[PDB]
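Novice: Chains as they are written, first to last, in the authors' numbering: chain B, 26 to 70; chain P, 393 to 467, 474 to 490; chain R, 281 to 336; chain Z, 251 to 280, 294 to 350; chain D, 784 to 839; chain A, 16 to 58, 124 to 218, 234 to 326. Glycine residues also receive a C-beta, built at the ideal position from the N, C-alpha and C atoms. Dumping the structure here so I can ask a few things about it.
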Amino acid sequence: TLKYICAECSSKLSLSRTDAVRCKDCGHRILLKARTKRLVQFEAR
Amino acid sequence: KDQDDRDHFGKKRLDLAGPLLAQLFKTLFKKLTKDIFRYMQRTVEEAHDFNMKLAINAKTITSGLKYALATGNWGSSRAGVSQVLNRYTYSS
Amino acid sequence: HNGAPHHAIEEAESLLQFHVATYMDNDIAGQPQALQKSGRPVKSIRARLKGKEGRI
Amino acid sequence: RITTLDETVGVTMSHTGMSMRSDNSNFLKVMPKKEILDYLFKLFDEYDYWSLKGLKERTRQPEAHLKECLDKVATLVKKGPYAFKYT
Amino acid sequence: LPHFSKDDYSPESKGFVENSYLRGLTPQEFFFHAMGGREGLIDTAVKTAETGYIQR
Amino acid sequence: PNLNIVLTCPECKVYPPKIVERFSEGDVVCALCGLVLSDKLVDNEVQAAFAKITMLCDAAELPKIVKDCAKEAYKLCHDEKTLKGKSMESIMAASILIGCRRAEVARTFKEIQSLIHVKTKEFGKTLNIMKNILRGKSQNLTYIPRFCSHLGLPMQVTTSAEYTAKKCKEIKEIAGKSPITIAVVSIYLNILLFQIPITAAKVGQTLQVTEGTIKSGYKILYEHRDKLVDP
DNA sequence: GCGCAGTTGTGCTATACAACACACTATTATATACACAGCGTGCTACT
DNA sequence: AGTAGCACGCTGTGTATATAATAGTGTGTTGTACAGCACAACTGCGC
Ligand SMILES: [Zn+2]
Ligand SMILES: [Zn+2]
Numbered sequence: 026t027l028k029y030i031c032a033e034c035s036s037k038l039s040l041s042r043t044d045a046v047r048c049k050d051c052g053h054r055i056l057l058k059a060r061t062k063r064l065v066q067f068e069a070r
Numbered sequence: 393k394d395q396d397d398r399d400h401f402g403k404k405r406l407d408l409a410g411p412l413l414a415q416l417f418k419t420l421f422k423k424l425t426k427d428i429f430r431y432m433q434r435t436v437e438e439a440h441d442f443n444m445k446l447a448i449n450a451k452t453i454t455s456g457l458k459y460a461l462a463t464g465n466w467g474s475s476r477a478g479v480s481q482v483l484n485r486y487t488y489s490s
Numbered sequence: 281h282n283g284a285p286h287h288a289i290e291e292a293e294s295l296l297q298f299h300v301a302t303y304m305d306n307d308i309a310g311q312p313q314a315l316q317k318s319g320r321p322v323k324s325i326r327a328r329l330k331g332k333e334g335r336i
Numbered sequence: 251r252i253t254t255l256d257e258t259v260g261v262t263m264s265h266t267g268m269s270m271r272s273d274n275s276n277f278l279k280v294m295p296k297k298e299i300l301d302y303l304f305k306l307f308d309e310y311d312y313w314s315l316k317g318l319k320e321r322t323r324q325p326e327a328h329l330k331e332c333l334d335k336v337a338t339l340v341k342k343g344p345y346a347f348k349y350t
Numbered sequence: 784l785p786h787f788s789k790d791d792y793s794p795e796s797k798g799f800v801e802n803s804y805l806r807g808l809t810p811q812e813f814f815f816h817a818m819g820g821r822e823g824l825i826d827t828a829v830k831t832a833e834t835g836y837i838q839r
Numbered sequence: 016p017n018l019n020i021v022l023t024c025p026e027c028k029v030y031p032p033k034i035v036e037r038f039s040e041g042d043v044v045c046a047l048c049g050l051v052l053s054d055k056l057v058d124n125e126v127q128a129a130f131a132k133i134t135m136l137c138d139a140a141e142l143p144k145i146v147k148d149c150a151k152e153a154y155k156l157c158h159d160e161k162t163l164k165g166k167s168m169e170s171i172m173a174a175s176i177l178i179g180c181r182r183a184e185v186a187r188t189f190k191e192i193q194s195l196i197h198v199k200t201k202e203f204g205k206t207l208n209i210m211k212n213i214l215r216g217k218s234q235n236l237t238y239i240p241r242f243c244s245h246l247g248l249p250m251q252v253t254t255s256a257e258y259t260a261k262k263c264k265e266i267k268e269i270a271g272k273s274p275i276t277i278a279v280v281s282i283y284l285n286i287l288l289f290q291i292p293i294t295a296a297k298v299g300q301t302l303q304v305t306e307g308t309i310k311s312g313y314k315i316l317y318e319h320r321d322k323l324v325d326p
């Protein structure tokens, strides 16, 4: 499974496939994709 | 007296949302009413059934307005009345 | 072939003539235009040739 | 003015769509053959025009049976005020 | 403009603009100068659109 | 008759085609010798039925996906022998309820019965034959939130009701006597747990369940109050 | 019949009613359940 | 203490299965009868 976030309560979900799309603990159907864990690099230029 | 001026601004009326939606919603509601009447003729002349949900069709009005504001064509008899907002800058 | 009221014939003909007509030219003056199911007027061969951005 | 319904909005929609609630109001809810035939004939002299309904009401027999024998004695007129009645 | 009594033909009224751009313009001046500018944009669009169609 | 075109590298010939296609250059090239393979890549009954069906699903506000599943279904049945009747009212309701099922949406037999008068039992037979045809051409839970809507109940109430339905089905005992009674009773329990009044007659009316039925379900459900508690 | 002076016109503008034929649904039993709606009886409250 | 009203409980009929009987009755289908330029061409009117 893959980790997501709720729209409002910002709770961590990590719902799996074939769970459709909804938050547990509230009805918001807007799920954020929960930013990547691995490191990202920039040049200050 | 001089020839009347066509461009005198006091003689031009502007139409915002209200008058528009008035026009359009008028002709929608006429179409609705007329449809209910047709359903009554069909069921009474054919003596079948009357049930309010079948008699009233919501998407007539609903999808009608939704459509119009999507296309912005009032009819064409009018076009481009609706335009997606410019968020370029708060001034704009 | 059969069952000809001859009022139906004369109409069915006028139908054919109409289709072929708007096939070659959709915009003939005074006649009804052929409207594609979307409500847009059909683009006839003549429309394809006629204006700027036509083939020519 | 116009009044804005303030409810939880769920109840109003439930009534709108299929509600599992119906009706609750009503608007546009919409003698043997020997004596039978003899009696029917006396009606025919008594009435120059009559119906399979009037005959079935009298004879308490299906209109189909009434229509068969009547074809023999009576004839049908389908045009005029008396239309659909045997003379 | 509403700011002038009727039948006033003085050039201030009929649109002479006295002040140079460096000194700035009084409002009823400014408005006029906007009218002139608009004439200048309009005709320019017309001339351009027509002249090309001559060039063709 | 033949007419199928395949792309092959005459210089490679080693494999069948293994190539890449370049859309920007609009050309297609063998990935091996780097040769260009191609260039200049270019960029009456029914209609009446679907009309009235359209009206019905529309008045029902069902999302287009459901509408179109039912349309598809109905096309398959169509004129077939085995159907042998039903006057076009039964088929439209059947196909609808199918498209609801297949769409994972749920609608009660009563609800559709409110859009159309199908006489009931006749409807069941038609629905079963149609179901058989679909197999030949080869779940209450959803109802629980929908009902809350009708009552406008909080989210926690709804999820509580869901836990309640799963727990009740496992514990068996009356097997449910149709799902509808269980869904409504499950709610009635959950709400009575909480302070929010609907009382009883209001839910029996509103949701069209016999008051006696709700109370009867309530006694047995009350007995198992022990194991139904989520926290 | 001919000519002249209005009007038009035409491109472009970066089905209903009646009759006949064909299909059908009413009824009776049996376990099953499960359901829903009404009717009767009992209890409580008010006069 | 008596009467009326309300609530609860129990009994009856829909839902579903098969299966035969056989009507006439109802529904559907088919057949018959009745009811913005600027310049270009026609046409119309007058001589
Ligand atoms: Zn949430
Ligand atoms: Zn190659």
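What number of angstroms, rounded off, separates the C-alpha of D/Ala828 from the C-alpha of R/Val322?
Specialist: 33 Å
Novice: Closest by CA to A/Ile34, which one among A/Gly41, A/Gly49, A/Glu40, A/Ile20?
Specialist: For the set A/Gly41, A/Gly49, A/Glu40, A/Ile20, the Cα lying nearest the Cα of A/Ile34 is the one of A/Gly49.
Novice: How is R/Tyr303 classed by DSSP in three states: helix, strand or coil?
Specialist: helix
Novice: Under 7 Å between beta-carbons, which chain A residues line up against P/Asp427? List them in chain order, please.
Specialist: Result: empty, since nearest Cβ-Cβ is about 10 Å, beyond 7 Å.
Novice: I need the straight-line Cα distance from A/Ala296 to A/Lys310, nearest angstrom please.
Specialist: 10 Å
Novice: Going by C-alpha to C-alpha distance, which of Z/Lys341, Z/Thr253, Z/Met294 sits closest to Z/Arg323?
Specialist: Z/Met294
Novice: Would you check if the distance between the CB atom of B/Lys37 and the CB atom of B/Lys28 is smaller than 8 Å?
Specialist: yes
Novice: Just to confirm, is the Cβ distance from Z/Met263 to A/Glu191 under 8 Å?
Specialist: no
Novice: Quick check: what's the CA-CA separation for A/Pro326 versus A/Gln251?
Specialist: Rounded to whole angstroms, the separation of the alpha carbons of A/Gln251 and A/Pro326 is 12 Å.
Novice: At a Cβ cut of 8 Å, what residues of the region 427-447 of chain P count as close to chain Z, listed as they run along the chain?
Specialist: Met432, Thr435, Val436, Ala439, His440, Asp441, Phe442, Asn443, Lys445
Novice: If you compare alpha carbons, which of A/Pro143, A/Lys201, A/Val185, A/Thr206 is closest to A/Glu160?
Specialist: Closest option to A/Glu160, Cα to Cα, is A/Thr206.
Novice: Could you tell me if D/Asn802 is buried or exposed, where buried requires 16 or more neighbouring beta carbons within 10 angstroms of its beta carbon?
Specialist: exposed
Novice: Under the three-state reduction of DSSP, which class applies to Z/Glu331: helix, strand or coil?
Specialist: Looking at Z/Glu331 - three-state DSSP - the assignment turns out to be helix.
Novice: Quick one: Cα of P/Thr454 to Cα of P/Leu461, how far?
Specialist: 11 Å
Novice: When you compare the region 326-337 of chain Z with the region 800-814 of chain D, are there three or more beta-carbon pairs, one atom per stretch, that lie closer than 8 Å?
Specialist: no
Novice: Is it the case that the CB of B/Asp44 approaches a heavy atom of ligand 1 more closely than 7 Å?
Specialist: no
Novice: Rounded to whole angstroms, what is the Cα-Cα separation between residue 228 of chain A and A/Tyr258?
Specialist: Chain A lacks coordinates between 218 and 234, the interval that contains residue 228 of chain A.
Novice: Quick one: what's got a C-beta closer than 7 Å to P/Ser480's C-beta in the same chain, skipping five residues either side?
Specialist: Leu461, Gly464
Novice: Under a CB-based cut-off of 8 Å, is A/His197 close to chain P?
Specialist: yes
Novice: Are any of the Cβ atoms in chain B nearer than 8 Å to that of A/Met172?
Specialist: no
Novice: Measuring straight from C-alpha to C-alpha, what distance separates A/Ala150 and A/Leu236?
Specialist: 22 Å
Novice: Are the region 309-325 of chain Z and the region 278-296 of chain A in contact at 8 Å, needing three or more beta carbon pairs?
Specialist: no
Novice: Measure from the C-beta of P/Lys422 to each C-beta in chain A and report whether the shortest distance is under 8 Å.
Specialist: no
Novice: Any beta carbon from chain Z within less than 8 Å of A/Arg181's own beta carbon?
Specialist: no
Novice: For the alpha helix (DSSP H) that D/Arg821 lies in, which residues bound it at each end?
Specialist: 810-838
Novice: Are Z/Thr258 and A/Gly247 touching if we call contact CB-CB under 8 Å?
Specialist: In this structure, A/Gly247 lies closer than 8 Å to Z/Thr258 by Cβ.
Novice: What residues come near ligand 2, if near means a beta carbon less than 7 Å from any of its heavy atoms?
Specialist: Every residue passing the under-7 Å Cβ criterion appears here: A/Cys24, A/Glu26, A/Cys27, A/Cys45, A/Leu47, A/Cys48, A/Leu50.
Novice: Quick check: does the Cβ of A/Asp148 come within less than 7 Å of any heavy atom belonging to ligand 1?
Specialist: no
Novice: So with CB distances below 9 Å, who are the chain A contacts of P/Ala450?
Specialist: The answer, in chain order, is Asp138, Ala139, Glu141.
Novice: Would you kindly report the start and end of the unbroken beta strand (DSSP E) that includes A/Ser53?
Specialist: For A/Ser53, the enclosing beta strand (DSSP E) has its first and last residue at 51-54.
Novice: Using the Cα positions of B/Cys31 and B/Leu57, report the straight-line distance between them to the nearest angstrom.
Specialist: 6 Å
Novice: Among the candidates A/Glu152, A/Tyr317, A/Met172, whose CA atom is the shortest distance from the CA of A/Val198?
Specialist: A/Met172
Novice: In chain Z, which residues lie less than 8 Å from A/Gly247 when you measure between Cβ atoms?
Specialist: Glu257, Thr258, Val259, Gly260, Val261
Novice: Evaluate the contact criterion for the region 442-449 of chain P versus the region 129-147 of chain A: three or more CB pairs, one atom per stretch, below 8 Å.
Specialist: yes
Novice: Which residues have their C-beta within less than 6 Å of a heavy atom of ligand 1, listed in chain order?
Specialist: For ligand 1, the selected residues are B/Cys31, B/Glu33, B/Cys34, B/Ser36, B/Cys48, B/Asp50, B/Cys51, B/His53.
Novice: Smallest Cα separation from Z/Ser275: which of P/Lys404, P/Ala414, P/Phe442?
Specialist: P/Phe442
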